[PDB]
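Just one chain is shown here, as structure tokens, and it is the form deposited in one PDB entry.
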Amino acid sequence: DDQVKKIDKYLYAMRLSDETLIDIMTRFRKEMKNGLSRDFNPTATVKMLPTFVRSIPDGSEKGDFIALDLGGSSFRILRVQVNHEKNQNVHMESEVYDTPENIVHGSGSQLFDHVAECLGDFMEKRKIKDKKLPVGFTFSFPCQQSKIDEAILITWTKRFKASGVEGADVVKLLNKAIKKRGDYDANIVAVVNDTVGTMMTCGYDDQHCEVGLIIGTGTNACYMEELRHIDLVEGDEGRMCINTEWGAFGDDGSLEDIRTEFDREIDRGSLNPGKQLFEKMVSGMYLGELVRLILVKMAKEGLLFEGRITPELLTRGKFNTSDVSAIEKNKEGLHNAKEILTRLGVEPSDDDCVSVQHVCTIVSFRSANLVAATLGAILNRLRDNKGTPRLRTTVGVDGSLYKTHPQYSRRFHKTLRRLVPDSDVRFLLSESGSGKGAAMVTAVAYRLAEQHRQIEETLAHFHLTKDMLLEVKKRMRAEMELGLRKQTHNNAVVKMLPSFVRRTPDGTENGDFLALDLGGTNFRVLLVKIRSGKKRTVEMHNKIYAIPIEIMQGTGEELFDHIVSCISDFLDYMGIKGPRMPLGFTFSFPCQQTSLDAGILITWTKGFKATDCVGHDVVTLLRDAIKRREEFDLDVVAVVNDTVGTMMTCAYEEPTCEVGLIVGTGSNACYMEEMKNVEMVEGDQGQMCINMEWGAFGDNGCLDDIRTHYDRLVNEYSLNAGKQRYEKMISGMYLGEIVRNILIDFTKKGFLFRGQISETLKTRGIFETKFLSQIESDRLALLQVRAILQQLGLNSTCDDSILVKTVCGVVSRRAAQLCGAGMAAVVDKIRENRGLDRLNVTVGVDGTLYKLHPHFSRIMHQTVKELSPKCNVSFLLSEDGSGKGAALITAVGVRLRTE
């Protein structure tokens, strides 16, 4: 007939069995799964939050760190000093600062003003204001972080409820507050939950610590999870700590069969009704009020105090968790119950004291059992990830209920071992709270922010502003004008070369021509059939022929014999071997022409370098190889640059096309100039197409104040050291070499590739256009970026791959902007020479970089639009190669060699 048996029955639904706890554990096991999944997280109640902490301390941290801890029973500020090598050591000093009701419940401003004022005082009294120490912030609330130094508040919990904070990044709110008080500056470099710092504190001393557990004012746990299971973070290597935020378990109604009427009543008086329901059955802030609610009910039904209620009894908060602890002490518990109940006014009896003990017992054991169940789900997940029959792991713990209750921990530990027999757990109690740990994470964040600081300074040398880009355009304009004028031309670096093509296609062109395409990525021999009139037709055919690097860099004479010999192969293939036919020679090197069919090679560019060609007439060299072969005669009527033939191609259909552009292996442009402006050729009537040879802009030092160390290495290790400087910042032959030298540096500083500069990274050309374009594609995910780097031969991690991509982007973006600033100049010079206010002009373009890069063309058109706002430029991609155009121009010789 005992009183204890009655209560057991009264509170039957709080006495959880092992079967119910095994059931709780399975559900928690599914919530974790839900929260890690990209599919189910948006609705999961157990947020499974990434912490950006990747391991427990490794003994290599050193420094002097200020650390804040706000969110649990006290607000503290610690100064943690840690040094190794030598002798043994981590020193901490800290201060508790009060935070009243008006602060925790006020505006977010008032709270952070409050925080920055205790920080100021803290450093003030120790005199460390100027010692500029990195700050670590233990803020114990669920925050969404994409990096270690952002903390976006998802939702208040426990006792805090300040306006203006939820949804905001509280490190910017903190900075704002500190900024607001000019007193000092603070480098806030990390935010961490109290579970993670706990784990990090315990992990400094115990290498198998993989869990951090808080059973205090609130409850939570964090654990080391595999990167390849955390869908919301990109990577699959190693592990990252996760903040479960288990307090929220049941917030969608899944524990409704466990929660009692006392739990529903507590929730309604709470400062967050509906939320953190598992936490409300477990943590210190609630248990006292839970028993109080049960005592009022038993009291109202005459089962306690022979039914006497007092106001005190009925008052929220009048029974603490510290009274539930005192009441459960072995020798003194009953003496403590009488004093306290006596203080509440119910004139307690000895039976009432044993009854109030029994109730305290069932509430706190229900708490103990519940966290055994969610903690064991975590251990079953750790053990499953590991692949092992048994699991040995250490859980770092902290919290006031955990520390001060005289039965809890023991009860908790026993249940755990029953629920999870295949796991052996050591509990390590955080004697001095979480500062050591937070400090340890602050040290790693700090070393990383420094490495970020340095990559950004290197990369910012590639950044051009509007104002910068307007100065390049303006220099380009001053340079076209010196190459054009008779007095300045010989010393000019941008030669403004006459091509002798005097108009765009006029619809009369007719005939069957041969063409050559030499100087881009493939050499071709072409046959183009053009028919003017009613039904206008163009019929093309072509054959690719390789040219060994031996030949490209052999003798002029091996080069041209090799050329004619594929011509001869090609005339067989088209069934036209015998007849004498006219040919247009698209040769994409700077040529000084005195007519359409003459072209003296000024200098090689790009990868070509045959001997005895520079200084000669390439039409001559070709005609000596034909005669030399003595197989067929040919009639070479025209030497053409790929820009001009590209413009001619695109203008066959588009009369507004007066500009050509190439961005492929090299970069260059042509455009229609007025003859009055071409002082180097006699005559003022009409126009002429000018082959700018814009690659050579900067060859007199005029872009030096924008060229980088890496641009100087690529130029100095080139086949034409000192020349085609602009092209060298823009085209497909050189961008990858820029990117490769940047990566070489970064590797030597340890930022990439584990600091190991390999044989792959030392090989020239590893980053060709095709790979540069893919790596940067919005079509690819980091995963596929990494796989590209690996097939190139690089030992690249996910972090490495994120940085290679950023690099590629910086260099490719700068190339499109530099290319846009020069095109800007050209269109402005045409518009404004014509007296026009608004020019619409079409540019015909070709080249593999331009065709294959996913960003270049968009950024370039944007640049042209921003710097030359009175020109409306259209870019028309030529899909057929340069041949049609050389063919159209070739028809113009013929006619003129035919007079």
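Shifts are known only where both forms have a C-alpha. Residue positions are given as counts along the sequence shown, with the first one as 1. For the two forms, the rigid core is made up of the largest set of C-alpha atoms that agree within 1.5 Å on superposition.
Asks: Using only C-alpha atoms and the B-factors in the entry, which stretch averages higher, 866 to 874 or 847 to 855?
Replies: Mean CA B-factor is higher for 866 to 874.
Asks: Which is higher on mean Cα B factor in this entry, 623 to 631 or 637 to 645?
Replies: Between 623 to 631 and 637 to 645, it is 623 to 631 that shows the higher mean C-alpha B-factor.
Asks: Reading the B-factor column of the entry, which of 740, 536, 366, 813 has the highest value at its C-alpha atom?
Replies: Max CA B-factor in the entry, restricted to 740, 536, 366, 813: 536.
Asks: Which listed residue, 693, 347, 289, 572, has the largest C-alpha temperature factor in the record?
Replies: Answer, based on the entry's C-alpha B-factors: 347.
Asks: Residue 42's Cα B-factor: lowest, middle or highest third of the chain?
Replies: CA B-factor rank for residue 42: highest third.
Asks: Sorting the chain's CA B-factors, does residue 734 end up in the lowest, middle or highest third?
Replies: Lowest third, going by the recorded CA B-factors of the chain.
Asks: For residue 786, return the chain-relative third of its C-alpha B-factor as stated in the PDB record: lowest, middle or highest.
Replies: Its C-alpha B-factor, which the entry lists for residue 786, ranks in the middle third among residues of this chain.
Asks: Based on the deposited C-alpha B factors for this chain, I'd like to know if residue 500 is in the lowest, middle or highest third.
Replies: Its C-alpha B-factor belongs to the middle third of this chain's values.
Asks: State the tercile, meaning the lowest, middle or highest third, of residue 85 with respect to the CA B-factors recorded for its chain.
Replies: Within its chain, residue 85 is a lowest-third residue by C-alpha B-factor, going by the deposited values.
What follows is about the form deposited in another entry, which we do not show.
Asks: Quick one: lay the two forms over each other on the core and tell me which of 398, 279, 225, 517 moves its CA by at least 2 angstroms between this form and the one not shown.
Replies: The residue that shifts is 517.
Asks: Please state whether residue 318 has a C-alpha shift of 2 Å or more between this form and the one not shown, with the rigid core used for the fit.
Replies: Comparing forms between this form and the one not shown, the residue 318 CA shifts below 2 Å.
Asks: Compare the position of the CA of residue 184 between this form and the one not shown after a rigid core fit and state whether the shift reaches 2 Å.
Replies: After core superposition, the displacement of the residue 184 C-alpha between this form and the one not shown stays below 2 Å, so no.
Asks: With a threshold of 2 Å on the C-alpha, tell me if residue 600 counts as moved between this form and the one not shown once the core is superposed.
Replies: Indeed, residue 600 is displaced by 2 Å or more.
Asks: Only counting residues present in both forms, give the runs of 3 or more in a row whose C-alpha shift is 2 Å or more between this form and the one not shown, core aligned.
Replies: Shifted segments: 85 to 89, 431 to 433, 449 to 796, 800 to 899.
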